[PDB]
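A short worksheet on the structure shown next.
Starting from 1, each residue takes its place in the sequence as its number. Scope of the values below: all heavy atoms of this structure, side chains included, with no hydrogens, waters or symmetry mates.
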Amino acid sequence: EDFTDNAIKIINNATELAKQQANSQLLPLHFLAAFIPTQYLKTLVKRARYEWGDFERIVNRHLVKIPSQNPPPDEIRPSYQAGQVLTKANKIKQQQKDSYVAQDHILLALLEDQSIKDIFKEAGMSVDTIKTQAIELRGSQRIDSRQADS
């Protein structure tokens, strides 16, 4: 699979967050938190007529409560659910007939994950409303370059 520049940044930043926090595994939550300053999710939340801080503070609250491990893992590996997010992002890319796995596909996959759905509900936000913003954002524009999900 080929990834957009932004998708690579999301995946790398998610791993870095897990590393810095000494968490035992890479979780869907780490991928979601990687969307926080890339201006993409902020744009969607604003389009949905929600307040960014209402979302950000909930993700951060969950992030800092992930347990830490002593000593930290030498290698951080995805949880089963985190692996499913990546597998689903690829499937969504294929269904949408896009040329690169994009930040859009990762977000759309995250919105199907139960732990992530629980976080949006807690924040006071409709997952369906956010999802509709992601669907509408680019219309029929193909993700046909490594920068096309800007």
Side-chain angles (χ1 to χ4, degrees), residues 1-46 48 50-96 98-135 137-138 143 146-150:
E1 266 299 340
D2 302 301
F3 294 79
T4 65
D5 295 346
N6 286 329
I8 294 170
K9 291 180 185 307
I10 290 292
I11 294 169
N12 286 341
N13 285 335
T15 303
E16 184 69 15
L17 281 176
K19 176 179 301 307
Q20 283 161 356
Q21 296 198 139
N23 303 139
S24 70
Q25 289 183 311
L26 183 65
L27 302 174
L29 177 54
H30 293 114
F31 288 130
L32 186 64
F35 282 86
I36 300 175
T38 189
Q39 293 296 314
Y40 176 68
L41 184 51
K42 197 163 181 172
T43 297
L44 298 187
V45 169
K46 167 163 296 192
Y50 294 125
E51 292 296 291
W52 176 249
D54 291 339
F55 166 78
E56 189 273 338
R57 81 175 64 95
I58 298 302
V59 176
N60 175 262
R61 173 178 283 275
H62 283 258
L63 193 64
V64 301
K65 293 170 73 60
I66 304 165
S68 61
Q69 169 180 312
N70 187 39
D74 175 40
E75 59 180 61
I76 310 174
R77 291 181 297 176
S79 68
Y80 179 77
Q81 289 73 26
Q84 291 299 132
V85 167
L86 295 175
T87 297
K88 283 190 207 165
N90 292 347
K91 176 68 168 176
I92 292 170
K93 173 248 187 189
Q94 292 166 6
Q95 293 183 318
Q96 288 317 293
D98 285 323
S99 300
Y100 298 92
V101 181
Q103 63 184 336
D104 314 21
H105 307 134
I106 296 174
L107 179 62
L108 288 169
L110 285 165
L111 297 183
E112 292 180 14
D113 173 86
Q114 192 61 249
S115 72
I116 301 306
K117 292 191 271 186
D118 288 351
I119 281 169
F120 277 93
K121 184 158 182 174
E122 177 183 350
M125 300 185 184
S126 168
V127 171
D128 192 62
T129 298
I130 298 303
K131 192 183 293 175
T132 292
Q133 301 312 304
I135 287 155
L137 186 73
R138 303 188 201 281
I143 299 171
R146 294 170 180 272
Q147 299 81 41
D149 64 341
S150 177

Is any side-chain heavy atom of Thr43 closer than 4.5 Å to a side-chain heavy atom of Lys46?
-> no

Give a yes or no on whether the backbone of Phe3 and the side-chain of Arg146 come within a donor-acceptor separation of less than 3.5 Å.
-> yes

Is a side-chain donor or acceptor of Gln21 paired with a backbone partner of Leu63 at a separation under 3.5 angstrom?
-> yes

Hey, is the main chain of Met125 close enough, under 3.5 Å, to the side chain of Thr129 for a donor-acceptor pair?
-> no

State, to 0.1 Å, how close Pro78 and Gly83 come at their nearest heavy-atom pair, and which atoms those are.
-> CB-N, 3.9 Å

What closest approach, in Å, do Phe31 and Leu26 show between heavy atoms, and which atom pair accounts for it?
-> CZ-CD2, 3.7 Å

Verify, without hydrogens or angle tests, whether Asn23 (side chain) and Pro67 (backbone) share a donor-acceptor contact under 3.5 angstrom.
-> yes

Basic-acidic side-chain contact under 4.0 Å: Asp113, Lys88 = no

Kindly say whether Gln25 contributes a backbone atom to a donor-acceptor pair with the side chain of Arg77 at under 3.5 angstrom?
-> no

Grab the two heavy atoms, one from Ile92 and one from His105, that are nearest each other, plus how far apart they are.
-> CG2-CD2, 3.8 Å

Output yes when a side-chain donor or acceptor of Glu122 lies under 3.5 Å from a complementary backbone atom of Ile58, and no otherwise.
-> no

Do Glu1 and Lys93 sit within salt-bridge range, that is, some charged N less than 4.0 Å from a carboxylate O?
-> yes

Nearest heavy-atom neighbours spanning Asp98 and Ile143 = OD1-N, 2.8 Å

Would you find a donor on one side and an acceptor on the other, under 3.5 Å apart, between the side chain of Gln69 and the backbone of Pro71?
-> yes

Keeping the roles fixed (side chain from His30, backbone from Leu27), state whether a donor-acceptor pair exists under 3.5 Å.
-> yes

Can any side-chain N or O of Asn13 pair as donor or acceptor with the backbone N or O of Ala34 at less than 3.5 Å?
-> no

Is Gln103 reaching over with its side chain to a backbone N or O of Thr38, donor-acceptor style, under 3.5 angstrom?
-> yes

